[PDB]
Amino acid sequence: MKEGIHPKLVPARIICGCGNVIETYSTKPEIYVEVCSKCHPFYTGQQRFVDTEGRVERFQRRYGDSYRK
Amino acid sequence: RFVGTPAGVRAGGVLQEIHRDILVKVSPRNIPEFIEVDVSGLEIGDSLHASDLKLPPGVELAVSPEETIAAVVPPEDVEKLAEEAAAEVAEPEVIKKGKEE
Amino acid sequence: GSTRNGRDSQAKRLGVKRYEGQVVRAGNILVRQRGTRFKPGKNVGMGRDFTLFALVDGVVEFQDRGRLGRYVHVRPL
Amino acid sequence: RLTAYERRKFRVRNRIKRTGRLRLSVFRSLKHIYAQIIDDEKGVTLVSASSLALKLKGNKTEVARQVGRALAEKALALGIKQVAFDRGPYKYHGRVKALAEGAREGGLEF
Amino acid sequence: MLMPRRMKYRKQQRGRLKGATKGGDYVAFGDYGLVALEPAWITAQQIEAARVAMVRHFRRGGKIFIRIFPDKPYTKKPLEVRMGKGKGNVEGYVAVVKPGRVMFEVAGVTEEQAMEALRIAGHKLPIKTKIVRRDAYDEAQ
Amino acid sequence: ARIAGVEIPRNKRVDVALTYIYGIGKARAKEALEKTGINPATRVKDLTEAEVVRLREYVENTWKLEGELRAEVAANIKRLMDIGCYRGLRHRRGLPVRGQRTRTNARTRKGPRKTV
Amino acid sequence: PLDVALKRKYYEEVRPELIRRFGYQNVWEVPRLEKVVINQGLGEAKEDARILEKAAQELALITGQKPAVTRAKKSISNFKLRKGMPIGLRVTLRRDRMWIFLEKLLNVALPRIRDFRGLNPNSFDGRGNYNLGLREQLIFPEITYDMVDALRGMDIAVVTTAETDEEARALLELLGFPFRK
Amino acid sequence: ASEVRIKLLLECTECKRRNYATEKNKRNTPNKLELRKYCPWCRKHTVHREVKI
RNA sequence: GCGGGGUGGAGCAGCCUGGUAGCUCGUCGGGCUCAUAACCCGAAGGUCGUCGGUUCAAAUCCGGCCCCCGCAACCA
RNA sequence: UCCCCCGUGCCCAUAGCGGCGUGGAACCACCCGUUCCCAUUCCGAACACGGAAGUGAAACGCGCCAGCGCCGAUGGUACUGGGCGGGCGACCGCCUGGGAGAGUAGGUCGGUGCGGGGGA
RNA sequence: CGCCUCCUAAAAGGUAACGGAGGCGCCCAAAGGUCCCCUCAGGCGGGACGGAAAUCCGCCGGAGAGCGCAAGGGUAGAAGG
RNA sequence: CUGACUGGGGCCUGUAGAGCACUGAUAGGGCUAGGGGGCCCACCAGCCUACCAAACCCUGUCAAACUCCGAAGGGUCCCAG
Ligand SMILES: [Mg+2]
Ligand SMILES: [Mg+2]
Ligand SMILES: [Mg+2]
Ligand SMILES: [Mg+2]
Ligand SMILES: [Mg+2]
Ligand SMILES: [Mg+2]
Ligand SMILES: [Mg+2]
Ligand SMILES: [Mg+2]
Ligand SMILES: [Mg+2]
Ligand SMILES: [Mg+2]
Ligand SMILES: [Mg+2]
Ligand SMILES: [Mg+2]
Ligand SMILES: [Mg+2]
Ligand SMILES: [Mg+2]
Ligand SMILES: [Mg+2]
Ligand SMILES: [Mg+2]
Ligand SMILES: [Mg+2]
Ligand SMILES: [Mg+2]
Ligand SMILES: [Mg+2]
Ligand SMILES: [Mg+2]
Ligand SMILES: [Mg+2]
Ligand SMILES: [Mg+2]
Ligand SMILES: [Mg+2]
Ligand SMILES: [Mg+2]
Ligand SMILES: [Mg+2]
Ligand SMILES: [Mg+2]
Ligand SMILES: [Mg+2]
Ligand SMILES: [Mg+2]
Ligand SMILES: [Mg+2]
Ligand SMILES: [Mg+2]
Ligand SMILES: [Mg+2]
Ligand SMILES: [Mg+2]
Ligand SMILES: [Mg+2]
Ligand SMILES: [Mg+2]
Ligand SMILES: [Mg+2]
Ligand SMILES: [Mg+2]
Ligand SMILES: [Mg+2]
Ligand SMILES: [Mg+2]
Ligand SMILES: [Mg+2]
Ligand SMILES: [Mg+2]
Ligand SMILES: [Mg+2]
Ligand SMILES: [Mg+2]
Ligand SMILES: [Mg+2]
Ligand SMILES: [Mg+2]
Ligand SMILES: [Mg+2]
Ligand SMILES: [Mg+2]
Ligand SMILES: [Mg+2]
Ligand SMILES: [Mg+2]
Ligand SMILES: [Mg+2]
Ligand SMILES: [Mg+2]
Ligand SMILES: [Mg+2]
Ligand SMILES: [Mg+2]
Ligand SMILES: [Mg+2]
Ligand SMILES: [Mg+2]
Ligand SMILES: [Mg+2]
Ligand SMILES: [Mg+2]
Ligand SMILES: [Mg+2]
Ligand SMILES: [Mg+2]
Ligand SMILES: [Mg+2]
Ligand SMILES: [Mg+2]
Ligand SMILES: [Mg+2]
Ligand SMILES: [Mg+2]
Ligand SMILES: [Mg+2]
Ligand SMILES: [Mg+2]
Ligand SMILES: [Mg+2]
Ligand SMILES: [Mg+2]
Ligand SMILES: [Mg+2]
Ligand SMILES: [Mg+2]
Ligand SMILES: [Mg+2]
Ligand SMILES: [Mg+2]
Ligand SMILES: [Mg+2]
Ligand SMILES: [Mg+2]
Ligand SMILES: [Mg+2]
Ligand SMILES: [Mg+2]
Ligand SMILES: [Mg+2]
Ligand SMILES: [Mg+2]
Ligand SMILES: [Mg+2]
Ligand SMILES: [Mg+2]
Ligand SMILES: [Mg+2]
Ligand SMILES: [Mg+2]
Ligand SMILES: [Mg+2]
Ligand SMILES: [Mg+2]
Ligand SMILES: [Mg+2]
Ligand SMILES: [Mg+2]
Ligand SMILES: [Mg+2]
Ligand SMILES: [Mg+2]
Ligand SMILES: [Mg+2]
Ligand SMILES: [Mg+2]
Ligand SMILES: [Mg+2]
Ligand SMILES: [Mg+2]
Ligand SMILES: [Mg+2]
Ligand SMILES: [Mg+2]
Ligand SMILES: [Mg+2]
Ligand SMILES: [Mg+2]
Ligand SMILES: [Zn+2]
Ligand SMILES: [Zn+2]
């Protein structure tokens with residue numbers, strides 16, 4: 001490479017909020033992230049976060065079977 | 001030999017026989033008298049191709065099957081005269097030279 | 001009635017000046033042209049307006065080298 | 001459809017012929033470096049020299065300088081002195097520059 | 001009627017009418033044809049007259065093929081002017097037609113239906129014509 | 001961005017900042033700071049990276065927020081519009097939905113007056 | 001040269017599994033990475049504040065490599081563009097710096113992305129290459145909220161030695177690209 | 001040659017004689033032309049300077 | 001035949017010097033009035049007669065066709 | 001004197017597009033590195049250097065196939081130099097010498113010079 | 001009304017008409033010398049804001065681009081960048 | 001003895017004729033963007049088109065300022081009458 005135009009690469013410490021640490025190289029020796037590959041919802045198989053909804057509607061009402069027949 | 005009378009013909013149409021033969025690679029010992037064609041299904045303006053050509057034994061097609069072979073098209077009509085004489089035609093536009101091209 | 005045309009330019013008398021097998025002196029003009037219809041070959045200079053002229057005394061020869069264009073040469077006598 | 005290698009090749013070679021000299025054309029492969037002096041008026045090669053024919057050693061750059069002193073050595077024996085350098089697609093530098101300088105010390109004129 | 005939709009040049013020199021046709025000399029589309037026996041500039045006004053006549057015989061039916069096209073611009077100086085002051089103005093368009101061309105071909109019609117419209121068409125033309133039907137010679141070109 | 005997917009306003013108290021998120025209101029703010037034992041009074045700039053990730057982890061995991069929240073509500077109207085409900089036609093003609101007079105006002109749904 | 005995780009992972013896990021699924025008869029027949037090119041079609045800096053050293057300083061930190069300029073090929077009226085005007089940046093990553101960038105890209109960037117639901121399956125060249133877009137450069141780890149004046153994403157082109165999309169798809173998924181469908 | 005594209009001379013900066021005449025666009029090139037040219041008097045090259053025609 | 005011209009609804013600018021469409025009236029919505037006018041406050045509407053060309057870009061520069069104003073058309 | 005490869009020419013698509021197959025001992029290439037010479041409007045991609053673990057995957061070289069491209073008769077015609085007739089013309093004929101273009105048959109998946117390196 | 005380009009012009013050069021069409025009366029301090037490197041228009045596919053069209057990647061593409069300005073000739077084995 | 005003319009030989013050319021590969025024109029057919037039309041929709045897509053019609057392919061044609069071709073002739077130089 002040309003000298004004096006290039007940011008310098010060093011061993012880097014990317015930290016996640018799950019406590020995943022990643023061994024890599026970067027222009028900054030230490031970085032923290034909010035999220036990573038090791039914990040993300042879409043990422044971890046199909047960990048369907050806050051909603052394992054299945055909708056639930058619309059057959060789902062069912063309140064109740066008390067209307068007469 | 002376009003066997004059949006097209007439905008396009010029975011409504012007033014005309015069977016535009018584009019190819020009255022077709023080019024073909026074949027052995028001398030294998031000369032067909034013709035090749036039959038079913039045009040009875042054709043409407044205005046429906047058409048058959050070299051692809052739709054059903055071939056006798058031992059004879060291979062020598063053109064692109066994309067080639068059109070027969071068509072049924074609208075007839076002439078005196079009723080179109082009214083529009084055709086009253087259809088306006090403009091004076092011709094010169095393709096330019098110079099600071100015009 | 002009037003013409004918006006009327007004009008044309010002076011003819012420039014272009015073309016080959018010396019044909020193959022003709023004996024020329026160094027300096028003689030061989031071909032006058034617009035662009036390289038013919039290209040300078042051995043012993044043949046080309047001037048700023050494409051004019052091919054002989055660099056040595058001798059005899060003209062043409063050569064048609066296909067996609068390489070046509071060439072004019074002078075062979076030393 | 002030509003390539004930068006091919007075009008650059010014609011580009012310098014065409015300018016060399018026009019000056020009418022004998023051409024010291026140089027081929028440089030990954031391992032070896034060859035050089036032949038050609039009379040383009042006959043389509044004919046008059047003298048050659050190559051590392052591969054001289055069975056030479058290691059350092060490509062010194063190898064070049066040596067195949068250079070070689071080419072001249074055989075050359076002056078045939079009366080050849082004036083000649084012109086065909087750097088082909090190769091930038092005048094490194095291995096090729098070295099062969100050239102070898103040819104010069106040898107006395108070949110350019 | 002027929003005329004080019006646009007052209008590189010507005011006015012065309014007159015040229016010549018020597019020789020038989022360069023092509024257009026064989027039946028190519030329809031069943032019967034009208035062929036020119038002598039050279040001429042056939043005008044768009046005639047081509048349309050001839051065309052209209054043919055559709056007028058057929059009434060309902062048939063297909064008409066026009067194999068000539070008026071692309072040559074026709075010039076005339078304005079009435080009563082003297083020679084000079086430039087080329088005349090374009091006043092019409094003509095089809096340059098030499099001996100042996102097919103100008104019109106018909107299809108989808110009885111033979112008497114075709115002989116007759118081609119005949120009536122023929123009267124509308126400034127030249128002599130011959131009616132021809134498709135032969136294997138036409139087939140073979 | 002910090003939490004959640006957005007970077008809440010630093011220099012405000014931690015409870016107010018949270019409401020700068022689509023999906024978390026004043027209630028849900030004090031509610032997240034209860035179940036994490038975080039002081040509702042402290043400025044966001046003064047959170048521990050510990051306090052951050054705890055507060056982070058609760059909120060993101062309990063409630064649908066920013067993107068997906070918009071997405072369902074979208075699909076909710078999407079379906080209502082598409083079943084042909086009365087509330088659907090009102091969304092599809094862009095008019096109000098909740099039994100308001102339209103003869104006057106109604107502007108917020110209608111937009112600036114298209115005078116005649 | 002550098003030992004890094006993805007570069008290592010390619011030879012160790014990606015290489016063999018690929019030779020499995022498609023059964024190549026030559027080592028060079030099997031899919032490789034050639035280059036990842038990063039681009040910022042910018043052009044917001046056409047006139048205005050054609051000082052984009054802020055984004056060249058950005059991209060230089062993201063990739064550890066100084067970007068080059070792109071300039072207008074032709075003048076455009078509707079875009080307000082003088083021919084030759086400076087309208088974008090482009091850095092070409094090969095070899096070690098290519099891996100390191102993809103490494104941080106796959107492990108960090110795409111996660112930090114707004115409502116990430118997987119890379120687009122269909123952004124495949126047809127000749128086995130892949131391209132994707134970014135709305136924000138904040139998506140990376142080396143660019144904090146502080147050091148930015150405005151939102152500026154980028155174009156990302158990754159070239160393979162593959163011939164079909166299918167070998168390309170596999171090479172990239174095996175490396176660690178998250179596809180939705 | 002025009003109102004904006006003016007004619008001019010080059011003066012040998014050493015012997016002060018004008019040996020060459022040329023032109024320029026004084027809008028595109030407002031400074032005085034400076035060029036080295038062979039001066040026939042000094043019999044060598046000299047920086048020559050644009051002077052009023 | 002020579003010169004000038006066509007731009008919201010009416011009548012004129014902008015064209016020469018290419019990038020940006022302006023003025024008065026009129027129309028529409030509001031106000032004063034019992035009401036109307038006047039007057040006051042806001043607001044719409046020209047894709048520049050056409051088709052072609054030059055240009056990065058044309059109401060603007062160049063060509064074609066169309067319509068309008070003015071002048072000429074004399075010795076015969 | 002024959003075969004293969006590396007150079008460098010000539011002929012200027014009968015040499016080209018595509019498809020299939022083949023070659024790594026040798027030569028060539030990719031290849032292994034980026035210390036050094038040198039280099040990137042960024043990038044050892046290019047150019048360049050020092051190399052020799054692998055591979056003929058890309059490239060190249062060598063073969064095969066007539067789908068495309070390219071070349072293409074014989075015959076006949078158009079036209080025509082010169083010599084004669086005919087028509088009011090537009091135009092049309094004969095004699096002698098020259099003779100296309102299209103199309104048809106058909107050919108083509110190159111030939112050859114010089115110098116190197118290897119093999120018989 | 002002088003000059004340049006094309007056609008008329010009958011395959012050397014030349015060739016008229018108030019015949020058919022267009023341009024010039026400038027320009028460039030680099031748009032000049034030379035050394036070194038580089039190859040276009042366009043089509044399909046792929047790409048945040050991004051459009052028919054900005055910039056980016058790939059494949060096809062002998063020149064249909066470019067060469068200040070009219071036209072012709074020339075031209076990437078460069079006269080183009 | 002070098003001349004008009006003539007024989008042989010080389011080189012030069014873009015006409016007659018022809019051709020459609022370029023620039024344009026061009027009738028019908030195929031295929032098919034774009035619109036127009038008729039169904040169904042405003043939830044945004046769809047389907048039919050005896051409608052006008054781009055680009056491409058086919059058939060068939062035109063051109064002083066079109067040429068992938070291309071004569072007979074003509075010009076010039078050498079040797080000879
Ligand atoms: Mg101009
Ligand atoms: Mg007049
Ligand atoms: Mg006039
Ligand atoms: Mg004239
Ligand atoms: Mg003249
Ligand atoms: Mg003259
Ligand atoms: Mg002239
Ligand atoms: Mg000549
Ligand atoms: Mg010169
Ligand atoms: Mg010059
Ligand atoms: Mg010869
Ligand atoms: Mg010679
Ligand atoms: Mg030879
Ligand atoms: Mg005449
Ligand atoms: Mg007449
Ligand atoms: Mg006339
Ligand atoms: Mg008049
Ligand atoms: Mg006249
Ligand atoms: Mg006239
Ligand atoms: Mg007429
Ligand atoms: Mg005819
Ligand atoms: Mg008659
Ligand atoms: Mg034919
Ligand atoms: Mg909130
Ligand atoms: Mg209500
Ligand atoms: Mg895809
Ligand atoms: Mg960031
Ligand atoms: Mg690939
Ligand atoms: Mg008005
Ligand atoms: Mg003015
Ligand atoms: Mg102005
Ligand atoms: Mg009012
Ligand atoms: Mg009032
Ligand atoms: Mg333009
Ligand atoms: Mg404007
Ligand atoms: Mg315009
Ligand atoms: Mg325009
Ligand atoms: Mg006008
Ligand atoms: Mg009067
Ligand atoms: Mg070789
Ligand atoms: Mg060879
Ligand atoms: Mg091949
Ligand atoms: Mg093999
Ligand atoms: Mg091979
Ligand atoms: Mg080997
Ligand atoms: Mg081996
Ligand atoms: Mg190694
Ligand atoms: Mg170093
Ligand atoms: Mg060292
Ligand atoms: Mg390398
Ligand atoms: Mg191979
Ligand atoms: Mg090579
Ligand atoms: Mg064979
Ligand atoms: Mg040929
Ligand atoms: Mg032939
Ligand atoms: Mg013959
Ligand atoms: Mg005669
Ligand atoms: Mg005759
Ligand atoms: Mg004869
Ligand atoms: Mg004969
Ligand atoms: Mg001929
Ligand atoms: Mg022939
Ligand atoms: Mg072949
Ligand atoms: Mg040999
Ligand atoms: Mg040998
Ligand atoms: Mg003058
Ligand atoms: Mg002439
Ligand atoms: Mg001529
Ligand atoms: Mg002439
Ligand atoms: Mg003369
Ligand atoms: Mg003038
Ligand atoms: Mg410069
Ligand atoms: Mg220059
Ligand atoms: Mg320079
Ligand atoms: Mg392109
Ligand atoms: Mg694209
Ligand atoms: Mg987009
Ligand atoms: Mg784009
Ligand atoms: Mg060009
Ligand atoms: Mg004598
Ligand atoms: Mg003599
Ligand atoms: Mg004589
Ligand atoms: Mg003679
Ligand atoms: Mg002719
Ligand atoms: Mg054509
Ligand atoms: Mg054809
Ligand atoms: Mg003609
Ligand atoms: Mg001509
Ligand atoms: Mg001609
Ligand atoms: Mg001849
Ligand atoms: Mg002549
Ligand atoms: Mg003669
Ligand atoms: Mg002769
Ligand atoms: Mg004599
Ligand atoms: Zn994590
Ligand atoms: Zn002096």
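It should be noted that the structure appears before, not after, this text.
Conventions and cut-offs
Within each chain the first residue of the written sequence is number 1 and the count goes on from 1 in that order, possibly differing from the entry; residues lacking coordinates are omitted. All chains are assigned letters beginning at A, and all ligands numbers beginning at 1, according to the order in which they are written. Note that the chains on view sit within a larger assembly, with every value limited to the chains on view. Note that water and hydrogens are dropped before the side-chain values are worked out from all heavy atoms of the structure. Residues with missing side-chain atoms are left out of burial classes, side-chain pairs and their counts. Helical segments are the DSSP runs of H or I of at least four residues, strand segments are the runs of E of at least two, and each set is numbered from the N terminus. Categorising residues by exposure relies on relative accessible area from a 1.4 Å probe, with only protein chains included: less than 20% of the type maximum marks a residue as buried, more than 50% marks it as exposed, and the intermediate range marks it as partly exposed. Any pair of residues with heavy atoms lying within 4.5 Å of one another is described as a contacting pair. Method for areas: the Shrake-Rupley scheme with a 1.4 Å probe, in which residue coverage is limited to the protein chains shown. In this tally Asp and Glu are treated as negative and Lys and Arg as positive; neither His nor the chain ends contributes. The atoms used to mark charge sites are NZ of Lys, CZ of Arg, CG of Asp and CD of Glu. We call a residue near a molecule or strand when any one of its heavy atoms sits within 4 Å of it. Polar contacts, as used here, are pairs of N or O atoms within 3.5 Å; protein pairs need one atom able to donate a hydrogen and one able to accept it. Residues neighboring in sequence count only if both atoms are side-chain atoms. Here the term charged refers only to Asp, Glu, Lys and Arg, the term nonpolar to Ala, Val, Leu, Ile, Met, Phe, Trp, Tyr, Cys and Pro, and the term polar to all other amino acids, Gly among them. Any carboxyl oxygen of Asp or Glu within 4 Å of a side-chain nitrogen of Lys or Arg constitutes a salt bridge here. Listed donors are limited to N, O and S atoms within 2.8 Å of the metal, widened to 3.2 Å for Na, K and Ca; water is not among them, so incomplete-looking sites are possible. The geometry test gives tetrahedral to four donors whose angles all lie between 85 and 135 degrees, gives square planar to four donors and octahedral to six donors whose opposite members are over 155 degrees apart with all other angles between 65 and 115, and gives irregular to the rest. All axes are obtained by fitting lines to C-alpha atoms, using only the stretch in contact for helices, and the reported angles, taken between N-to-C directions, cover 0 to 180 degrees. The cut-offs work like this: below 35 degrees is roughly parallel, past 145 is roughly antiparallel, 65 to 115 is roughly perpendicular, and the gaps in between are oblique. Take the far helix as your reference; a near helix turned counterclockwise from it by less than a right angle gives a left-handed crossing, and one turned clockwise gives a right-handed crossing. In this scheme, a helix's expected span is set at 1.5 Å multiplied by one less than its residue total. Two aromatic rings from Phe, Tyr or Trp, using only the six-membered ring of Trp, form a pair when their centres are within 6.5 Å; if the ring planes differ by under 30 degrees the pair is stacked, by over 60 it is edge-to-face, and anything between is tilted. A positively charged side chain is recorded as over a ring if its NZ (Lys) or CZ (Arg) lies within 6 Å of the ring centre. The angle to the ring normal must also be within 35 degrees. Here a strand pair is declared whenever DSSP counts at least two bridges between the two strands.

Time to look at the overall build of chain H. If you tally the helices and strands in chain H, you get 0 helices and 4 strands. Dimensions of chain H, computed from the C-alpha atoms along their principal axes, are close to 35 × 15 × 15 Å. For chain H, the residues scored as buried account for 25% of the 53 residues in total. Put simply, 38% of the contacts in chain H that link residues at least 6 apart link residues at least 24 apart. Total accessible area on chain H stands at roughly 4,000 Å², and carbon and sulfur atoms take up 48% of it. Positive and negative charge centroids in chain H, built from 15 and 6 side chains respectively, lie 3 Å apart.

A few words now on the environment of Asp8 of chain C. With respect to the helices, strands and loops of the structure, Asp8 of chain C is situated in the segment before β1 (15-16). With 58 residues separating them in the primary sequence, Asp8 of chain C and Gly66 of chain C have C-alpha atoms 35 Å apart.

Let's shift gears to the protein's contact with RNA strand J. Close to RNA strand J lie 60 residues; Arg65 of chain C, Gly43 and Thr61 of chain D, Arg16 of chain E together with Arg95 of chain G are nearest. Between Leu30 of chain D and RNA strand J, the recorded distance is 3.0 Å, taken from a backbone N or O atom to a phosphate oxygen. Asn26 of chain G is positioned with one of its side-chain polar atoms (N or O) 3.3 Å from a sugar or linking oxygen of RNA strand J. Across the surface near RNA strand J, the residue classes tally to 18 nonpolar, 19 polar and 23 charged.

Glancing now at the pattern of salt bridges. According to the stated counting rule, one finds 41 salt bridges over all chains in the structure shown. For the salt bridge of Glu23 of chain A with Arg13 of chain A, the shortest nitrogen-to-oxygen distance reads 3.7 Å. Separated by 10 residues along the polypeptide, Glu23 of chain A in strand β2 (residues 21-26) and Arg13 of chain A in strand β1 (residues 10-15) bring together distant segments of the chain. Look at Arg13 of chain A and you get partly exposed, because its relative accessible area is 41%. The closest approach of N and O atoms between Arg2 of chain F and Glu7 of chain F, which form a salt bridge, is 2.9 Å.

For the rest of this paragraph, the subject is the coordination of the zinc ion (ligand 96). Residue and element names in this part refer to chain H. Distances from the zinc ion (ligand 96) to its protein donors, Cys12 (SG), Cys15 (SG), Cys39 (SG) and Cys42 (SG), fall within 2.3 Å. Seen from the zinc ion (ligand 96), its 4 donor atoms lie at angles of 104 to 114°, and the figure they make is tetrahedral. Sequence positions of the donors to the zinc ion (ligand 96) reduce to the motif C-x2-C-x23-C-x2-C. Overall, the relative accessible area of 0% leaves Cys39 in the buried class.

So, about unusual backbone geometry. Residues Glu57 of chain A and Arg58 of chain A are joined by a peptide bond in cis, for which omega reads 15°. Checked against the element boundaries, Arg58 of chain A lands in the segment after β3 (30-32). With an omega of -10°, the peptide bond between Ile3 of chain F and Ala4 of chain F qualifies as cis. At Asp115 of chain G, a residue that is not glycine, the phi angle is positive and equals roughly 55°.

Turning our eyes to something else, we now look at the packing of helix α1 (residues 44-58) of chain E against helix α2 (residues 111-123) of chain E. Residue and element names in this part refer to chain E. Their axes nearest at 8 Å, the elements α1 and α2 cross at an angle of 150°. The angle between α1 and α2 places the two elements in the roughly antiparallel class. Considering the relative orientation of α1 and α2, their crossing is right-handed. Of the residues in α2, those touching α1 at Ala50, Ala53, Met54, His57 and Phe58 are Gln113, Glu116, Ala117, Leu118, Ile120 and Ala121. When its residues are assigned to classes, the contact of α1 with α2 shows 8 nonpolar, 2 polar and 1 charged.

Here we take up the protein's contact with RNA strand L. Close contacts around RNA strand L come from 44 residues, with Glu67 of chain B, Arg70 of chain C, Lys18 and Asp71 of chain E together with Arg92 of chain F the closest. Here a phosphate oxygen of RNA strand L sits 2.9 Å away from a polar atom, N or O, in the main chain of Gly24 of chain E. The side chain of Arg67 of chain E places a nitrogen or oxygen atom 3.0 Å from a sugar or linking oxygen of RNA strand L. Among the elements of the structure, β5 (47-49) of chain B, β5 (63-66) of chain E together with α4 (66-83) of chain F are those that each provide at least two residues to the surface near RNA strand L. Counted by class, the surface near RNA strand L contains 16 nonpolar, 11 polar and 17 charged residues.

Let us look at helix α1 (residues 4-18) of chain D. Its 15 residues give α1 of chain D an end-to-end C-alpha distance of 22 Å, which sits within 8% of 21 Å, the value for a rise of 1.5 Å per residue. Just past α1 of chain D, the residue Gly20 of chain D takes up positive phi, approximately 65°.

Before going further, it helps to examine the interface of chain G and chain A. With 27 residues of chain G at the contact, the number on the chain A side is 22 residues. If you list the elements that add at least two residues to the side of chain G that touches chain A, you get α2 (53-63) and α3 (95-112) of chain G. Per-element accounting of the side of chain G that touches chain A gives the leading share, 10 residues, to α3 of chain G. Considered class by class, the residues forming the side of chain G that touches chain A number 14 nonpolar, 4 polar and 9 charged.

Attention now moves to the packing of aromatic side chains. Under the counting rule described, the total for this entry stands at 17 aromatic pairs over all chains. Centre to centre, the rings of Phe38 of chain C and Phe62 of chain C are 5.5 Å apart; their planes meet at 75°, and the pair counts as edge-to-face. Taken together, the residues span a long stretch of sequence, with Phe38 of chain C in strand β4 (residues 38-40) and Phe62 of chain C in strand β7 (residues 58-64) at a distance of 24 residues. The class of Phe62 of chain C is partly exposed, set by a relative accessible area of 21%. Summarising the aromatic geometry, the rings of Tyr58 of chain F and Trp63 of chain F are spaced 5.6 Å apart at their centres and angled 75° between planes, so their arrangement reads as edge-to-face. Across the pair, exposure class does not vary: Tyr58 of chain F and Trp63 of chain F are buried alike. Cluster of aromatic residues (ring-pair linked, three or more members): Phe42 and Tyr43 of chain A together with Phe116 of chain G. Positioned above the aromatic ring of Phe110 of chain D, the side-chain terminus of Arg104 of chain D is 4.1 Å from the ring centre.

What follows deals with the sheet that holds strand β4 (residues 130-134) of chain G. Residues and elements named next belong to chain G. Pairing is antiparallel across the open sheet formed by 5 strands, whose spatial order is β2-β3-β1-β5-β4. If you trace the sheet from one side to the other, it starts and ends with β2 (68-71) and β4, each paired once. Ignoring which end each strand starts from, the neighbouring axes of this sheet average 25° apart. In this structure, strand β1 (residues 33-40) lies alongside strand β5 (residues 154-160), joined through 6 bridges in antiparallel fashion. By the bridge assignment for β5, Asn39 is matched with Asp155. Contacts between α2 and the sheet are confined to β1, β3 (86-94) and β5, with β3 contributing the most and set at about 10° to the helix.

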